[PDB]
Amino acid sequence: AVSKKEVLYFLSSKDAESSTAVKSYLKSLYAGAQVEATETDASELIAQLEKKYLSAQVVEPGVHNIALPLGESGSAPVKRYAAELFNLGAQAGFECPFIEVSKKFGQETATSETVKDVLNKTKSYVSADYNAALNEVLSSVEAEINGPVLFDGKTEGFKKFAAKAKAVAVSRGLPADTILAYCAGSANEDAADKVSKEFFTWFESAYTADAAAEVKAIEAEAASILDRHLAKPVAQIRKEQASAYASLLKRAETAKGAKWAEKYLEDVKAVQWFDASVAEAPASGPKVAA
Amino acid sequence: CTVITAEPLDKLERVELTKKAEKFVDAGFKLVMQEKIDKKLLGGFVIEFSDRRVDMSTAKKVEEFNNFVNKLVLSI
Amino acid sequence: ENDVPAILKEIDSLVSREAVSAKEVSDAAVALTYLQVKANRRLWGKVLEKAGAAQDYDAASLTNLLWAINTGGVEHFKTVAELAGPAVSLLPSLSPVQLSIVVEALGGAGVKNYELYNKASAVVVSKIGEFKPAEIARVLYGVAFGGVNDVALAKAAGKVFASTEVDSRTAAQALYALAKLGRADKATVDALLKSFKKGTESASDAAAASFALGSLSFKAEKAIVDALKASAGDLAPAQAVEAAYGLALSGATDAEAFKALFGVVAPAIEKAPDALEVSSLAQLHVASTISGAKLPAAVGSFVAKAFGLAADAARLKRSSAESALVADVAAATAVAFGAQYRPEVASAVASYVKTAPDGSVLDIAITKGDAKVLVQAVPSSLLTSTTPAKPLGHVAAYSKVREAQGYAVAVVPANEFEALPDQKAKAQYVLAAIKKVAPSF
Amino acid sequence: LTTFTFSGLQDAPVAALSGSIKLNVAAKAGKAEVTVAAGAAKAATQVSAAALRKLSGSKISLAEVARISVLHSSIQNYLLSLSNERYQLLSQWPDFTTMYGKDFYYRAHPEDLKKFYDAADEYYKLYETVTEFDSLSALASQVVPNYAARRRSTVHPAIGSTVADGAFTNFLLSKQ
Amino acid sequence: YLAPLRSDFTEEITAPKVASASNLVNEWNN
Amino acid sequence: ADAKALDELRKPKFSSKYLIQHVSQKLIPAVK
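So the protein lines, in turn, are chains 4, P, 2, 7, 1 and T.
Residues 5 to 294, numbered by the deposited numbering, are exactly what the first sequence covers, in order.
Residues 154 to 229, numbered by the deposited numbering, are exactly what the second sequence covers, in order.
Residues 5 to 445, numbered by the deposited numbering, are exactly what the third sequence covers, in order.
Residues 15 to 190, numbered by the deposited numbering, are exactly what the fourth sequence covers, in order.
Residues 23 to 52, numbered by the deposited numbering, are exactly what the fifth sequence covers, in order.
Residues 40 to 71, numbered by the deposited numbering, are exactly what the sixth sequence covers, in order.
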């Protein structure tokens, strides 16, 4: 069952083993139960840690209900996949990914004062192809000022660094003007909407670009796995797959009392049930009660 | 001593820091002060008795918390 | 000579063949939605599978297919979002009625295809006079629920809605689109509520109009309410709860209409409580607190717990600027009640988080004796997107349901709060907020 | 889908588009009779004007029924398509059973015949291993968990290089 | 068909490492 | 037996969700 804090995340999500648990919880509440006390505790590190480890339990089955658009004609199945992942991030408690990684940027370098360590401490979160170019243009403005560039904003060296890194950003191909005018806003709602109708266009191009990069990586990895697999004779393939399946089955059956092991074994029995149900009536598929 | 805080001291947290600091000296020593400002701490204080240092910081707290939460998830 | 399961078996043997082009699956979906086959899921599943597998597309075929997916009430996001490519590649060749039905049916499922909505906005705003206001109402609904906060076609639709006479369904769809957009334009809602005078042939339009007038929180109309109460046995429970919520947020006095709306909801939760979503049960508890009508003994305390569940759900998935916002408002109201140093404002923000007796955990709760005072923060998403920048109806809903527990909610909108340059002005603002609604504090 | 829909017997499809099924409706004042004719099946119903708005009150909410996962089914679909692409080029192999007669045995250099028979055995090996379709279910499970860990990011599942680059421009070019 | 279960996070946002194209089509044409 | 249910069959089967639940159940009381 659930422990009164996992069930507060599973309300808006639509994955099956969360929806059936929420439905059994409401079956408990309608049939004469009181709601347990929500904890007014757990100081901020434990709060964001349990957010990190509780949104994981609602995102990780959400990826498996999302089918990859591997090798399809048109960029619109990539838009389907990225929209599904956006909806999964929305139902997982994450924000828009732009403002989410902006929040991570602010969280990472709250204690950085110069601009070289703001490019050092956010090395894991930005592209190294872009981090190398930003470090080299910062070494250029460092050769200009002959002083460490300060990460304050009102410094003239940082102003020249901003006017050079905007050219670096257009050199990467992404327009910094529509993005800065989006997050800086305008007076009237009409010239804010005219900026948003460019920023959302770039935003769609950006998320479909990295989603298409992801499905191209899975396409090439599946092609490499198949081409390393087709070079084997069939008895070696059957022995390797049966031995790997038996070993990872022994790894589950060894864990006695573990909940994940019991769920693993029940899903194995459900897979065998699916094989039996397609074996009984293969004209229509599995037997589903309706 | 020599305290270092992220913010300048208010007259409640000054009394609180003096009361929480006297359990780190092994007498009724009239511990002196030398307020210093470093924003590399994310709040809190780091008392430096010039022979030993007690790190009561927030940045050290979150880094030790990250090390402990990394040492548990590799064990569980 | 006339029999429906024979033709259902025939369509089940028609779609299950492997080679089916767009016209067969489009007409199969139209024939399926013309016979109301909601108890059959496998046949709708096969027709969506073969709708997804198709390659060629005509304008009439894709329009009829999206019309049948929309009107049939089927949600399958993957196949309908892979249809958006055939919609984009065929968008300038679509008829205005057909472009209307295509963009409305794609916006119904919430596809995040921004190039589709930008191109459809430019097409419908460049040549406006060819579109009857039903068509731009459908386009406004599709661009509103499709993840776009576009205001240009909203103004261009409000002009045509203020110029000509429109039908009831078009006005209801338009107000539903404005309620999800969050505009609360009085000048347009007055021009659009004048069409609800002949009586509406369906209760879904009156239900959506009531929910829109509740979520933008203007008032009722007393004939939309009477068109809801006239045959209140036809609406879905997930439609009826949002209709009652939209009546309660606009302060509906037709308690017979609330009994007629509960007369379909209480058997629905009496049969199976698990079918409805918990946000809808929270809306039911809001409508039950504002209207005060009687509910069964198993459902009243149930939605009382369900409002706490949905409130803790909405607080746990907080936007993390609202987290900083309620931290700022709590620090300001701890300065205002008196804590001039950092450890005492920490000790005061630590003691403002008492739990409400229904199970929720309140962010700012102040207690002295008999009176409890809550402070409610409205960051930006519960604000209107227009130039008055007023709070939405969920704010007044939360205030009226917290006042039923023993709290005096001082609503602090954040368009006013973050415009203050210091902490002392914020303390004076929250003092003006709290002293107005509960002068004992 | 939203809970309130706004379609039915208004800008409705009026006729058929295929020769497989026929349909024509009755666009009368208040009512509507459909007449759908499909080969050996015949159906003529009588529906009301508000009978189409009550249709979408209940939602169908169509869902997959997968053996392992919908993601695993998509990866197994791509492995089946790649096995089709390899099978299309093991289908253009030249027929060598026509050169098994003894009038090719004894006119041949012996090592060339050794090479030819070993090439035939190699083709039978390649064809037996490209048509092992039971093994794609265990080939797909080696692509799954690294992908599922990549989508289990600490910032956002749909995050990528370009959106992080754009937000780094937004973070850097503003005043700290 | 069953995969090993892992519970670990990726904090880095990198390119997804598009692997090498193997030479099976050219070897089989050869 | 056969023809079990619908939401019992909609479950993504070999997703983790429980190893993460195991580490979150044995981590948070050990760190509070």
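We put the CB at the ideal spot given by N, CA and C, even for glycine.
Does the Cβ-Cβ distance between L33 (chain 4) and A172 (chain 7) come in under 8 Å? For this step, residue 33 (chain 4) is matched to residue 29 along the first sequence. For this step, residue 172 (chain 7) is matched to residue 158 along the fourth sequence. Contact flag unset, no.
Segment contact flag, the region 125-142 of chain 2 with the region 99-106 of chain 2, C-beta cutoff 8 Å, min 3 pairs: Touching, yes.
In the DSSP assignment, what are the bridge partners of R406 (chain 2)? Indexing the third sequence from 1 puts residue 406 (chain 2) at position 402. Answer is none; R406 (chain 2) lacks a bridge partner.
Can you tell which of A408 (chain 2), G410 (chain 2), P417 (chain 2) has the C-alpha that lies nearest to the C-alpha of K394 (chain 2)? For the purposes of this step, residue 394 (chain 2) is identified with residue 390 of the third sequence, where counting begins at 1. Answer by Cα proximity: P417 (chain 2).
Paired residues, beta bridge with residue 271 (chain P) - DSSP: Any question about residue 271 (chain P) goes unanswered here, given that chain P covers just 154 to 229.
Taking 8 Å as the threshold (C-beta atoms), are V158 (chain 7) and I74 (chain 7) in contact? In the fourth sequence, the residue the question calls residue 74 (chain 7) occupies position 60. In the fourth sequence, the residue the question calls residue 158 (chain 7) occupies position 144. In this structure, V158 (chain 7) does not lie closer than 8 Å to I74 (chain 7) by Cβ.
Where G161 (chain 4) meets chain 2, residues with beta-carbon distance less than 7 Å: Numbered from 1 along the first sequence, position 157 holds the residue referred to as residue 161 (chain 4). Per Cβ cutoff of 7 Å: no residues; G161 (chain 4) is ~28 Å from chain 2 at best.
Is the distance from the Cβ of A211 (chain 2) to the Cβ of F18 (chain 7) below 8 Å? On the third sequence, position 207 is the one that residue 211 (chain 2) refers to. On the fourth sequence, position 4 is the one that residue 18 (chain 7) refers to. Yes. Within cutoff.
Keeping to the same chain, check which residues put their C-beta closer than 6 Å to that of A412 (chain 2); ignore five residues upstream and five downstream. If you number the third sequence from 1, residue 412 (chain 2) lands on position 408. Contacts found: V377, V441, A442.
If you follow the beta strand (DSSP E) that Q60 (chain 7) is in, where does it begin and where does it stop? Numbered from its first residue, the fourth sequence carries residue 60 (chain 7) at position 46. Under the DSSP assignment, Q60 (chain 7) falls in the beta strand (DSSP E) whose first and last residues are 55-61.
Three-state secondary structure (DSSP) at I157 (chain P)? Mapped onto the second sequence, residue 157 (chain P) falls at position 4. Looking at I157 (chain P) - three-state DSSP - the assignment turns out to be strand.
At a Cβ threshold of 8 Å, is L162 (chain P) touching chain 4? Counting from 1 along the second sequence, the entry for residue 162 (chain P) is found at position 9. Between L162 (chain P) and chain 4, the shortest Cβ-Cβ separation is not below 8 Å.
Identity of the residues DSSP links to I370 (chain 2) by a beta bridge: For the purposes of this step, residue 370 (chain 2) is taken as the residue at position 366 of the third sequence. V377 (chain 2), per the DSSP bridge assignment.
I'd like the span of the alpha helix (DSSP H) that includes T205 (chain 4), first residue to last. In the first sequence, the residue the question calls residue 205 (chain 4) occupies position 201. Element bounds for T205 (chain 4): 193-233.
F218 (chain P) versus chain 4: which residues are under 7 Å apart at the beta carbon? If you number the second sequence from 1, residue 218 (chain P) lands on position 65. The answer, in chain order, is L49.
Rounded Cβ spacing between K233 (chain 2) and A264 (chain 2) (contact assumed at less than 8 Å): Here residue 233 (chain 2) refers to the residue found at position 229 of the third sequence. Here residue 264 (chain 2) refers to the residue found at position 260 of the third sequence. Indeed, because the Cβ distance is near 5 Å, the residues count as touching under 8 Å.
Distance cutoff 8 Å, beta carbons only. Does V70 (chain T) sit that close to anything in chain 1? The sequence position of residue 70 (chain T) within the sixth sequence is 31, counting from 1. It does not; no Cβ of chain 1 falls within 8 Å.
Does chain 1 have any CB closer than 8 Å to the CB of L48 (chain T)? What you label residue 48 (chain T) is simply residue 9 of the sixth sequence in a count that begins at 1. So, not an interface residue.
Where DSSP assigns a beta bridge to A52 (chain 7), which residues make up the other side? The residue given as residue 52 (chain 7) occupies position 38 in the fourth sequence. For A52 (chain 7), which the question treats as bridged, DSSP gives the partners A55 (chain 7).
Strictly under 8 Å for the Cβ-Cβ distance: is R176 (chain 4) near chain 1 by that measure? Residue 176 (chain 4) sits at position 172 when you count from the first residue of the first sequence. No, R176 (chain 4) lies away from the interface with chain 1 (no Cβ there is under 8 Å from its Cβ).
Anticipated Cβ contact below 8 Å, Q59 (chain 2) with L69 (chain 7), distance rounded: One-based indexing of the third sequence puts residue 59 (chain 2) at position 55. One-based indexing of the fourth sequence puts residue 69 (chain 7) at position 55. About 29 Å; that fails the 8 Å criterion.
Take the Cβ of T174 (chain 2) as the centre, count every other Cβ of all protein chains shown within 10 Å, and call the residue buried at 16 or more, exposed below. Along the third sequence, one-based indexing puts residue 174 (chain 2) at 170. Flag for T174 (chain 2) reads buried.
Closer than 8 Å between beta carbons: that is the criterion. Which residues of the region 201-219 of chain 4 meet it against chain 2? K201, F204, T205, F207, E208
Opposite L162 (chain P) in the DSSP bridges: which residues? Taking the second sequence and counting its residues from 1, the one referred to as residue 162 (chain P) is at position 9. Answer by DSSP bridge pairing: none, since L162 (chain P) is not bridged.
Is the beta carbon of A174 (chain P) sitting closer than 8 Å to the one on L162 (chain P)? What you label residue 174 (chain P) is simply residue 21 of the second sequence in a count that begins at 1. What you label residue 162 (chain P) is simply residue 9 of the second sequence in a count that begins at 1. No, Cβ-Cβ distance for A174 (chain P) and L162 (chain P) is not below 8 Å.
May I ask you to report which of helix, strand or coil DSSP gives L387 (chain 2)? Position 383 of the third sequence, counted from the first residue, corresponds to residue 387 (chain 2). In the structure shown, the three-state DSSP call for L387 (chain 2) is strand.
Does any residue of chain 2 bring its CB to less than 8 Å from the CB of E166 (chain P)? As a working mapping, residue 166 (chain P) is identified with position 13 in the second sequence. For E166 (chain P), a Cβ of chain 2 is located within less than 8 Å of the residue's own Cβ.
Just how far apart, CA to CA, sit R81 (chain 7) and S87 (chain 7)? Start at 1 with the first residue of the fourth sequence, and residue 81 (chain 7) comes out as number 67. Start at 1 with the first residue of the fourth sequence, and residue 87 (chain 7) comes out as number 73. Cα-Cα distance, rounded: 8 Å.
For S29 (chain 1) versus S54 (chain T), is the C-beta spacing smaller than 8 Å? What you label residue 29 (chain 1) is simply residue 7 of the fifth sequence in a count that begins at 1. What you label residue 54 (chain T) is simply residue 15 of the sixth sequence in a count that begins at 1. For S29 (chain 1) and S54 (chain T), no; Cβs fall outside 8 Å.
Alpha carbon to alpha carbon, how far is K27 (chain 2) from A63 (chain 2)? For the purposes of this step, residue 27 (chain 2) is taken as the residue at position 23 of the third sequence. For the purposes of this step, residue 63 (chain 2) is taken as the residue at position 59 of the third sequence. If you take the alpha carbons of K27 (chain 2) and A63 (chain 2), they lie about 10 Å apart.
So, using beta-carbon positions, are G76 (chain 2) and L36 (chain 2) closer together than 8 Å? By one-based count along the third sequence, residue 76 (chain 2) stands at place 72. By one-based count along the third sequence, residue 36 (chain 2) stands at place 32. Yes, these two residues count as a Cβ contact at 8 Å.
Considering only DSSP beta bridges, list what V39 (chain 7) is partnered with. Start at 1 with the first residue of the fourth sequence, and residue 39 (chain 7) comes out as number 25. Partner(s): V48 (chain 7).
Only counting runs of 4 or more residues, tell me where the alpha helix (DSSP H) segments fall wholly within the region 174-255 of chain 2, in order along the chain. Along the region 174-255 of chain 2, the alpha helix (DSSP H) occurs as fully enclosed runs of 4 or more residues at 190-196, 207-219, 228-233, 241-253, listed in sequence order.
Does the separation of the CB atoms of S295 (chain 2) and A328 (chain 2) fall below 8 Å? On the third sequence, position 291 is the one that residue 295 (chain 2) refers to. On the third sequence, position 324 is the one that residue 328 (chain 2) refers to. Cβ atoms of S295 (chain 2) and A328 (chain 2): not closer than 8 Å.
Looking at the C-beta of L53 (chain 4), does it have a partner C-beta in chain 1 at a distance below 8 Å? If you number the first sequence from 1, residue 53 (chain 4) lands on position 49. By this cut-off, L53 (chain 4) is not an interface position.
Ignore the nearest five residues each way along the sequence and tell me which others in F222 (chain 2)'s own chain have a CB closer than 8 Å to its CB. In the third sequence, residue 222 (chain 2) corresponds to position 218, counting from 1. So the qualifying residues of the chain are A188, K190, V193, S254.
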